[PDB]
Every structure is written in structure tokens, then in C-alpha cells.
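Engineer: This is the structure I want to talk about, given as C-alpha cells.
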Amino acid sequence: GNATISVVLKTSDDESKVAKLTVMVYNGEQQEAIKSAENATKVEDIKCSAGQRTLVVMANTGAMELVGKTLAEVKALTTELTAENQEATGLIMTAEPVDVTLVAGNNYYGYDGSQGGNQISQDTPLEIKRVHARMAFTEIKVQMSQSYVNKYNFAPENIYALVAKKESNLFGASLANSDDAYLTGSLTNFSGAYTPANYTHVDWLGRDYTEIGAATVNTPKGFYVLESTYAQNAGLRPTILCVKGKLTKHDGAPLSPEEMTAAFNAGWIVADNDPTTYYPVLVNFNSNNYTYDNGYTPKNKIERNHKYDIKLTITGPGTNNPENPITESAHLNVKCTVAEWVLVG
């Protein structure tokens with residue numbers, strides 16, 4: 001113990017906040033020191049020793065055990081999506097391990113130089129980032145095209161996350177990992193093109209949504225999710241944000257039995273006596289009927305630390321299977337605005 005290191009973080013909807021912060025100091029693979037602080041964006045006066053060391057920084061890790069883990073074990077850590085994540089709790093943040101040289105005495109990472117000692121990354125504090133993303137509606141609007149405007153309307157009931165990847169990694173240039181488990185707020189029996197074999201319903205990936213105007217830029221409605229690469233060997237596995245409700249007559253009255261027969265035969269509603277219909281949006285996906293703001297290019301994946309804000313316009317009937325190929329959802333378009341969170345202090 002002939003050195004100390006102190007580390008300060010870079011600080012500037014429901015933007016990133018640090019509830020707990022842990023700094024680990026590695027001598028090769030072996031953890032030399034670990035120290036945490038609560039409700040702060042720095043950890044200071046960590047006792048260690050001079051030499052080549054690696055700093056690993058994690059925030060909001062809850063009950064995760066970090067003491068004594070090797071560097072390899074820490075870089076292999078995973079997380080699962082949870083109900084509390086949907087309240088923006090437990091939104092883990094990490095920075096990639098960074099290699100430094102500590103000298104005897106006090107060392108500082110990211111400070112302004114006024115402290116003396118050995119200044120590392122002076123005036124360049126450590127940037128940490130969420131591993132989760134958010135997908136949410138900021139508008140749902142019905143604007144039926146000419147063959148549907150005098151026939152149909154839509155009464156919303158719920159919004160859902162479908163084909164949500166259950167776990168991810170926490171470090172690496174891409175966090176999407178080889179586990180094949182997925183979660184949904186809706187049914188596991190759609191047996192569609194996008195339906196994964198390892199699939200579990202969770203109530204907390206659905207929300208009631210009965211007023212069509214509730215979703216706004218100021219009040220987005222959606223879910224937090226983990227990194228997921230859509231192109232898989234078994235088929236496409238896109239993370240989907242979906243609104244579900246009932247297809248109605250244009251003035252809101254219930255469809256007649258003859259109308260429901262036609263709509264069921266067309267694949268739009270669940271049954272000839274069940275006018276339930278779905279409008280799924282493949283998040284961050286490249287499709288002709290999706291546009292992205294300001295020259296952004298969709299990547300066909302969920303990427304960490306991103307907000308995908310979706311304005312959905314319904315222009316005709318939906319589909320009775322939200323895990324059908326996207327081409328079956330022929331009557332909607334999407335305007336998507338993408339942003340990254342920054343840490344606020």
C-alpha cells in the first residue's frame with residue numbers, strides 16, 4: 001500500500017444518475033483494491049500500490065458481488081432485464097477497463113490538477129455509460145388511408161415489449177451475448193417468424209394504454225431493454241415495441257359480425273369474434289416505412305445507452321400476429337428520434 005488512486009466521472013428522459021459507484025484496481029488479473037461510494041460521481045483515496053494497474057469502474061450494480069473477482073471474471077459479468085429496470089432502477093453503467101501507471105503517493109484520474117500528486121487523464125474525467133437502452137412511444141396517432149378511413153378506427157388497450165433479450169454482457173465493444181433467452185409482455189404462443197424458442201412471459205413488459213394521446217415527447221411510454229443483435233441463425237429476433245387494441249368502426253362503434261369475418265380472413269384481427277389487432281414496431285430497424293431523424297442510420301440491433309423515441313402513425317388495420325414478418329404490418333409508419341444519455345451530476 002504505497003499509493004492511492006482517486007477517480008472522478010464525467011458529468012454534464014430520466015437521464016443517467018449514479019446511485020452507487022465502485023472502482024476496482026487490478027494488478028494484472030488480480031484485484032488489488034476495491035472501493036465504493038454511494039450517491040456520488042467519484043471514489044477517492046483508494047489504497048493500492050505503484051506500478052502498472054488497470055482501473056475498472058461500474059455503477060448501479062446492486063447486489064452484484066465484485067470483491068475478489070479477477071479481471072477476466074469482471075469482464076465476463078452479465079445482467080438480466082428486471083421489473084425494477086422498468087422504473088429506471090438498477091440501470092448499470094460501466095466504462096471499459098483502462099490501463100494506467102500509478103506512482104508512489106497520491107494519484108488522480110480525471111481531476112483538474114490542483115490536487116498535486118500524480119495527475120492521470122488530467123481535465124478528462126472518466127466517461128461511464130448505461131448498458132440498457134429505452135424504447136418508447138412519443139406519439140401514437142390514427143390517420144387511416146382512403147380505403148380504411150370510412151371503415152375502421154383503433155381503440156388502444158396495451159403497449160408491450162416483444163422479443164426482448166433477457167441478458168447481456170456489461171463490457172466490450174458490443175454487449176449482445178450468446179444467451180438465447182427472450183422475454184415478452186404478451187403471449188409466447190404466436191409461433192411467428194420472429195418468435196424465439198426460448199421465450200418467457202413477464203407481466204412487467206406490458207403496460208395499460210387506453211388513451212391514444214397519452215404518449216407525448218414529454219411523457220414517453222415504453223420499456224428499458226438490453227443489447228440484442230437481430231440477425232440470428234434461427235431467424236430474425238428483433239426487439240419490438242408494440243401497441244395492441246381493438247379494431248373498431250370508423251366512429252368507434254364495434255365491428256359487425258360480417259366486418260369481423262372479413263377482417264379475420266384478411267389476417268388483421270385475432271378471431272372472427274375477437275377484433276384484437278396489433279401494431280408492432282421493430283426498434284432501430286431498417287425499413288422503408290421507418291424514418292430516422294437527422295441522418296441517423298439504423299443498425300438492426302438494440303445499442304446500449306440509446307433512447308429510441310417512436311412516433312407511430314396507424315394508417316389501416318393491424319395484424320393478428322405481432323411476431324409476423326414486418327411486411328405483414330402493412331398499414332403503419334414510424335418516425336424515430338434517437339439520442340444517447342449523458343451522466344448528470
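By convention here, the chains of the C-alpha cells are called A, B, ... in the order presented, each chain's residues are numbered starting at 1, and ligands are numbered starting at 1 in the order presented.
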What lies within 7 Å of residue 176 (chain A) using only C-alpha atoms, ignoring chain neighbours under 6 positions off, as a PyMOL selection string?
Structural biologist: chain A and resi 168-169+227-229
Engineer: Using only C-alpha atoms, what table do you get, as CSV, when you list each residue of region 179-290 of chain A with an atom no more than 12 Å from region 332-340 of chain A, its nearest pair of atoms, and their distance in Å rounded to one decimal, rows by chain then rising number?
Structural biologist:
residue,atom,partner,partner_atom,distance
A:217,CA,A:337,CA,10.2
A:241,CA,A:334,CA,11.5
A:242,CA,A:332,CA,11.7
A:243,CA,A:332,CA,11.5
A:278,CA,A:332,CA,10.8
A:279,CA,A:332,CA,7.5
A:280,CA,A:332,CA,9.0
A:281,CA,A:334,CA,7.8
A:282,CA,A:334,CA,9.7
A:283,CA,A:336,CA,8.9
A:284,CA,A:336,CA,8.2
A:285,CA,A:336,CA,10.2
A:286,CA,A:334,CA,11.0
A:287,CA,A:334,CA,9.4
A:288,CA,A:333,CA,8.8
A:289,CA,A:333,CA,5.0
A:290,CA,A:334,CA,4.6
Engineer: Could you save those same residues with N, CA and C atoms as a tab-separated table (two decimals), in the first residue's frame?
Structural biologist:
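result_0.tsv, freshly written:
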chain	number	residue	atom	x	y	z
A	217	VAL	N	-43.91	13.56	-26.32
A	217	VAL	CA	-42.47	13.74	-26.17
A	217	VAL	C	-42.11	13.96	-24.71
A	241	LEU	N	-41.40	-2.95	-30.02
A	241	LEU	CA	-42.31	-2.15	-29.22
A	241	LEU	C	-43.66	-2.16	-29.92
A	242	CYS	N	-44.71	-2.57	-29.21
A	242	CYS	CA	-45.98	-2.89	-29.86
A	242	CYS	C	-47.15	-2.25	-29.13
A	243	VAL	N	-48.14	-1.75	-29.87
A	243	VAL	CA	-49.40	-1.34	-29.26
A	243	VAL	C	-50.48	-2.31	-29.71
A	278	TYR	N	-52.87	-5.79	-33.55
A	278	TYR	CA	-51.55	-5.38	-33.07
A	278	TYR	C	-50.85	-4.49	-34.09
A	279	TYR	N	-50.08	-3.53	-33.58
A	279	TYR	CA	-49.19	-2.72	-34.41
A	279	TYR	C	-47.78	-2.79	-33.84
A	280	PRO	N	-46.94	-3.66	-34.37
A	280	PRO	CA	-45.56	-3.80	-33.88
A	280	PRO	C	-44.59	-2.90	-34.62
A	281	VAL	N	-43.59	-2.41	-33.88
A	281	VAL	CA	-42.51	-1.60	-34.43
A	281	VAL	C	-41.19	-2.30	-34.10
A	282	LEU	N	-40.42	-2.62	-35.13
A	282	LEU	CA	-39.10	-3.20	-34.94
A	282	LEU	C	-38.12	-2.06	-34.65
A	283	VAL	N	-37.58	-2.04	-33.44
A	283	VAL	CA	-36.85	-0.87	-32.95
A	283	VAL	C	-35.47	-0.80	-33.59
A	284	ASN	N	-35.09	0.39	-34.07
A	284	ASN	CA	-33.76	0.62	-34.65
A	284	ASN	C	-33.51	-0.27	-35.86
A	285	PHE	N	-34.57	-0.55	-36.60
A	285	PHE	CA	-34.56	-1.47	-37.73
A	285	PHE	C	-34.67	-0.67	-39.03
A	286	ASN	N	-34.04	-1.18	-40.09
A	286	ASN	CA	-34.08	-0.52	-41.39
A	286	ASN	C	-35.29	-1.02	-42.17
A	287	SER	N	-36.30	-0.15	-42.33
A	287	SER	CA	-37.48	-0.47	-43.11
A	287	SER	C	-37.94	0.78	-43.85
A	288	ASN	N	-38.49	0.57	-45.06
A	288	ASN	CA	-38.92	1.67	-45.92
A	288	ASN	C	-39.94	2.59	-45.24
A	289	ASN	N	-40.79	2.04	-44.37
A	289	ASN	CA	-41.82	2.83	-43.72
A	289	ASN	C	-41.37	3.41	-42.39
A	290	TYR	N	-40.08	3.29	-42.07
A	290	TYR	CA	-39.48	3.91	-40.89
A	290	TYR	C	-38.52	5.01	-41.32
Engineer: For a test of reading the model, state the distance in Å between CA of residue 232 (chain A) and CA of residue 58 (chain A), rounded to one decimal.
Structural biologist: 29.4 Å
Engineer: Compile the contact shell of residue 60 (chain A) as a list in words: residues with an atom at most 10 Å away, counting only C-alpha atoms, same-chain residues fewer than 2 positions apart removed.
Structural biologist: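 Everything that qualifies: residues 17, 18, 19, 20, 21, 22, 38, 39, 58, 62, 63, 64, 89, 90, 91, 92, 93, 94 and 130 of chain A.
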Engineer: Include C-alpha atoms and write out the residues we just selected as a PDB file, in the first residue's frame.
Structural biologist:
ATOM      1  CA  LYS A  17     -27.734   9.093 -12.364  1.00  0.00           C
ATOM      2  CA  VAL A  18     -25.295   7.223 -10.129  1.00  0.00           C
ATOM      3  CA  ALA A  19     -26.791   5.620  -7.021  1.00  0.00           C
ATOM      4  CA  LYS A  20     -23.669   3.585  -6.237  1.00  0.00           C
ATOM      5  CA  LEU A  21     -20.193   3.675  -7.767  1.00  0.00           C
ATOM      6  CA  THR A  22     -17.481   1.011  -7.476  1.00  0.00           C
ATOM      7  CA  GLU A  38     -22.979   5.972  -2.628  1.00  0.00           C
ATOM      8  CA  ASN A  39     -24.836   8.890  -4.279  1.00  0.00           C
ATOM      9  CA  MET A  58     -19.101   0.190 -12.507  1.00  0.00           C
ATOM     10  CA  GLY A  62     -26.993  -3.526  -6.749  1.00  0.00           C
ATOM     11  CA  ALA A  63     -26.407  -6.942  -5.196  1.00  0.00           C
ATOM     12  CA  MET A  64     -23.690  -7.929  -7.697  1.00  0.00           C
ATOM     13  CA  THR A  89     -33.766   1.448 -11.187  1.00  0.00           C
ATOM     14  CA  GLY A  90     -30.681  -0.725 -11.387  1.00  0.00           C
ATOM     15  CA  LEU A  91     -29.587   0.767 -14.729  1.00  0.00           C
ATOM     16  CA  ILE A  92     -25.996  -0.461 -14.576  1.00  0.00           C
ATOM     17  CA  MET A  93     -23.272   1.748 -16.032  1.00  0.00           C
ATOM     18  CA  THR A  94     -19.728   0.750 -16.995  1.00  0.00           C
ATOM     19  CA  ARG A 130     -25.626   2.754 -19.297  1.00  0.00           C
TER      20      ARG A 130
END
Engineer: Using only C-alpha atoms, can you tell me which of A:85, A:239, A:198, A:138 comes closest to residue 300 (chain A)?
Structural biologist: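 For residue 300 (chain A), the nearest of the candidates is A:239.
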Engineer: For a test of reading the model, state the distance in Å between CA of residue 49 (chain A) and CA of residue 345 (chain A), rounded to one decimal.
Structural biologist: 29.6 Å
Engineer: Would you please work out which residue, of A:33, A:50, A:56, A:319, is nearest to residue 265 (chain A) when using only C-alpha atoms?
Structural biologist: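 Nearest to residue 265 (chain A): A:319.
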Engineer: Point out the residue among A:34, A:247, A:76, A:7 with the least atom-to-atom distance to residue 268 (chain A), counting only C-alpha atoms.
Structural biologist: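 Smallest distance to residue 268 (chain A) is found for A:247.
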Engineer: Could you check how far CA of residue 29 (chain A) sits from CA of residue 99 (chain A), in Å to one decimal?
Structural biologist: 12.1 Å
Engineer: Enumerate, as a ChimeraX atom specification, the complete set of residues in region 140-272 of chain A that a backbone-based DSSP assignment places in alpha helix (DSSP H).
Structural biologist: /A:257-265
Engineer: Using N, CA, C and O atoms, can you write the selected residues to a file as a CSV table (one decimal), in the first residue's frame?
Structural biologist:
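What follows is the written file part.csv:
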chain,number,residue,atom,x,y,z
A,257,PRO,N,-70.6,-8.6,-37.2
A,257,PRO,CA,-70.0,-9.9,-37.5
A,257,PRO,C,-69.5,-10.1,-38.9
A,257,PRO,O,-68.5,-10.7,-39.1
A,258,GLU,N,-70.2,-9.5,-39.9
A,258,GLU,CA,-69.7,-9.6,-41.3
A,258,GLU,C,-68.4,-8.9,-41.4
A,258,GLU,O,-67.5,-9.3,-42.2
A,259,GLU,N,-68.2,-7.7,-40.8
A,259,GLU,CA,-67.0,-7.0,-40.8
A,259,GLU,C,-65.9,-7.8,-40.2
A,259,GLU,O,-64.7,-7.8,-40.6
A,260,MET,N,-66.2,-8.4,-39.0
A,260,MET,CA,-65.1,-9.2,-38.4
A,260,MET,C,-64.7,-10.4,-39.2
A,260,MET,O,-63.6,-10.8,-39.1
A,261,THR,N,-65.7,-11.0,-39.9
A,261,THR,CA,-65.3,-12.1,-40.7
A,261,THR,C,-64.3,-11.7,-41.8
A,261,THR,O,-63.3,-12.3,-42.0
A,262,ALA,N,-64.6,-10.6,-42.5
A,262,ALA,CA,-63.7,-10.1,-43.5
A,262,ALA,C,-62.3,-9.7,-42.9
A,262,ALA,O,-61.3,-10.0,-43.5
A,263,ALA,N,-62.3,-9.1,-41.7
A,263,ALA,CA,-61.1,-8.6,-41.1
A,263,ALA,C,-60.2,-9.8,-40.6
A,263,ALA,O,-59.0,-9.8,-40.7
A,264,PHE,N,-60.9,-10.8,-40.1
A,264,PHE,CA,-60.2,-12.1,-39.7
A,264,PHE,C,-59.6,-12.8,-40.9
A,264,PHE,O,-58.4,-13.2,-40.9
A,265,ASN,N,-60.4,-12.9,-42.0
A,265,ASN,CA,-59.9,-13.6,-43.2
A,265,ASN,C,-58.7,-12.8,-43.8
A,265,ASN,O,-57.9,-13.4,-44.5
Engineer: I'd like the contact shell of region 120-127 of chain A - 12 Å cut-off, only C-alpha atoms, skipping same-chain residues fewer than 3 positions apart - returned as a PyMOL selection string.
Structural biologist: chain A and resi 5-12+16+23+41-43+55-59+93-103+106-117+130+341-344
Engineer: Tell me which of A:236, A:81, A:253, A:48 sits closest to residue 105 (chain A), counting only C-alpha atoms.
Structural biologist: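 With only C-alpha atoms as the atom set, the closest residue is A:48.
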Engineer: Compile the contact shell of region 165-167 of chain A as a list in words: residues with an atom at most 8 Å away, counting only C-alpha atoms, same-chain residues fewer than 6 positions apart removed.
Structural biologist: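 Non-adjacent residues within range: residues 78, 79, 80, 81, 177, 179, 180, 181, 182, 183, 225, 226, 227, 228 and 239 of chain A.
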Engineer: Write to file, as a PDB file, in the first residue's frame, the residues of the selection just made, with C-alpha atoms.
Structural biologist:
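To be explicit, this is the file written out as out-v9.pdb:
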ATOM      1  CA  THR A  78     -23.752 -10.393 -17.220  1.00  0.00           C
ATOM      2  CA  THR A  79     -27.051  -8.805 -16.215  1.00  0.00           C
ATOM      3  CA  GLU A  80     -30.701  -9.787 -16.680  1.00  0.00           C
ATOM      4  CA  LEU A  81     -33.582  -7.477 -17.500  1.00  0.00           C
ATOM      5  CA  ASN A 177     -24.160 -12.071 -25.857  1.00  0.00           C
ATOM      6  CA  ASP A 179     -27.502 -16.497 -24.360  1.00  0.00           C
ATOM      7  CA  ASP A 180     -30.687 -17.327 -26.266  1.00  0.00           C
ATOM      8  CA  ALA A 181     -33.394 -16.411 -23.731  1.00  0.00           C
ATOM      9  CA  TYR A 182     -36.012 -13.772 -24.573  1.00  0.00           C
ATOM     10  CA  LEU A 183     -38.867 -12.138 -22.675  1.00  0.00           C
ATOM     11  CA  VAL A 225     -34.193  -3.212 -22.748  1.00  0.00           C
ATOM     12  CA  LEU A 226     -30.768  -4.826 -23.216  1.00  0.00           C
ATOM     13  CA  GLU A 227     -28.479  -5.165 -26.241  1.00  0.00           C
ATOM     14  CA  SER A 228     -29.652  -7.641 -28.873  1.00  0.00           C
ATOM     15  CA  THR A 239     -36.752  -6.226 -30.271  1.00  0.00           C
TER      16      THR A 239
END
Engineer: Can you tell me, as number ranges by chain, which residues in region 89-314 of chain A count as strand (DSSP E or B) by DSSP?
Structural biologist: A: 93-94, 98-102, 105-109, 118-120, 126, 129-130, 133-142, 152-162, 164-165, 167-169, 182-184, 199-201, 206-208, 221-225, 228-229, 231-232, 235-236, 240-249, 271, 274, 276-282, 290-292, 301-302, 306-314
Engineer: So, counting only C-alpha atoms, which residue among A:61, A:153, A:219, A:329 is closest to residue 36 (chain A)?
Structural biologist: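 Among the listed residues, A:61 lies closest to residue 36 (chain A).
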